[PDB]
Each structure stands twice: as C-alpha cells, then as structure tokens.
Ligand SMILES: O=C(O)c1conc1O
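Form deposited without this ligand, single chain, as structure tokens, below.
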C-alpha cells in the first residue's frame, strides 16, 4: 500500500515511544529495527495491538535485517553508544547505516537523533549520499519545548501559545534567544514590563532549559518521551505536507556566516523535506553565541573521524 513506511533504526526507549505515537496518529507502517535479537519483535508485537484501541491500521514489525530499509519513506536514527571517546564509535555506526540507506532507500527522508546530533547528522549525510533537503537532526523542537513549557507555567497560558527559538546546536552550547520569545504572538518583553514575569525568573528558566536532560537524569529517570514527541512532530510535518516552521539541525550554506556544517535553525518541513531554511537576523552578540555552538560541533566532528 501507499501507506508510508517508517523505519526506526534503533528500538530503544525513544524508538518505543515513537512507534506508540505513530500508531496513535495512524501515520504509517513501522519497522522497529535493532541489532539486538528478539527485542524489537517483542516491542513491535505489544505496540501492534494498540491499533484496536486507536482505530488505526498501521503494521508494526521488528527487524534485525538492514535490507528492510527498502521502501522506507522516513528513517529515524537513534542507534548509538551513550564523552568524546564515543565519537569514533558512533561515526562507524553512521557509516554502516548510511551505506544501507544509499542502497535501499536513497529517496527516504532522514531524521537523526544520535548525540551529538549536529555532528552525527552531517556524518550520516556524507555516508548516505542523500540530498541536503532530505536529512535533518533533532534539536530545537525538543529544546524549545522546555523553554516554552516553563514560561507557559509561569504565565498560566496554553503551552503552545509560547513561541521561542533555540539555535546553533543541541547540547550545552544551545543558543537561547531571549529576543525571539513571544506569548500569544506578543513580545515577551511586554510581559516583563508588566511585571508578569521578571528577567531573573527568565534567567532561571534559561538555565533550567539548558540543563533539563541532566535534571531528568539526576531524578533517576532519563528523557525519552519528549524527544520522541518532538521527532514525531517533525516526521508528521513531512508526511502530511504541513509546512510547519520547526527548528532542526540542517546543512548551512552561508547562513549566519557558516558553511560546510550542520546547525540548528528554523526550517519549513513539508513534502519536499526541508522546503526553506530560515535565517534569523541575529545581532552581533547573538551571532557570537551561534559561533561558539558551531565551534563545538566542529571540534567533535574532528574527533569522530578516527579511533
């Protein structure tokens, strides 16, 4: 059938929530791929029964065979070891997966999750051969969900009604752009002026946003639900030609003064993949922060090449 085929390369915790959400949303058939024997088949079987509760009709299958990438419309990569020593190990995984994408599904739209995402997405771009508009990395949708959510709780408004931009890279050098925050489309500064939220409060929210993964890990949990939902928002925009503006890691070709590297910026996602790369008109102080993010991606990319 013309139902979409979505292959999850990596069947860990994020993969499991993704399969669940795909079925809830009836988005397409799902392959849970992993090199681990049996497990993806088990998760696939459990998930498949939810078609009944959800009134959906998506096949959910497990796989240890890379050739099941054939016919994929979307491929979502979470596979990888989870420190700089892991970089060359995860490069080798991106190499392996990229060769299989080129062979089996060169026209697939690819979303990379493996950290550090801004590095790993470019490695997979290089090894898979796919066009620049057909591969992105997770970052900004996830990072801004935290910022938007925390502000919405202070202001007692619907979370989605807060909008915000975090750019450059996923990770500790993410650039939180105070000037680009709105509430119901209104500049956040109006709310600061009105003493509904203070500058000091926002500073604390910014730090919390940057450190959220660490906060969750120290609570004896770890982030997989919100990462999964962010990825599925991205995949859905592609599959349904929604043309949502979503911040993702993408190949820069001069934007922000940078080329020959991936970084986080708003893009438009629809049926042609990355339909538009939107370059924020950053001031010099914001650009300097963007530059630090890119420098760190470059540092790690260099370590990834050889053991």
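Residue numbers count along the first chain shown, from 1.
There is another form of the same protein, the form solved in complex with this ligand; it is not shown, and what comes next is about it.
- In the bound PDB entry, this ligand lies farther than 4.5 Å from every heavy atom of residue 205.
- By the criterion of a heavy atom within 4.5 Å, residue 115 is counted among the residues contacting this ligand in the bound PDB entry.
- When contacts are judged by a 4.5 Å heavy atom cut-off, residue 83 counts as touching this ligand in the bound PDB entry.
- This ligand in the bound PDB entry comes within 4.5 Å of a heavy atom belonging to residue 213.
- Here the marked residues 148, 165 and 187 all miss this ligand in the bound PDB entry; none has a heavy atom within 4.5 angstroms.
- For this ligand in the bound PDB entry, the listed stretch (215-223, 176-184, 154-162, 191-199) containing residues with heavy atoms inside 4.5 Å is 215-223.
- No residues of 1-26 lie near this ligand in the bound PDB entry, the criterion being any heavy atom within 4.5 Å.
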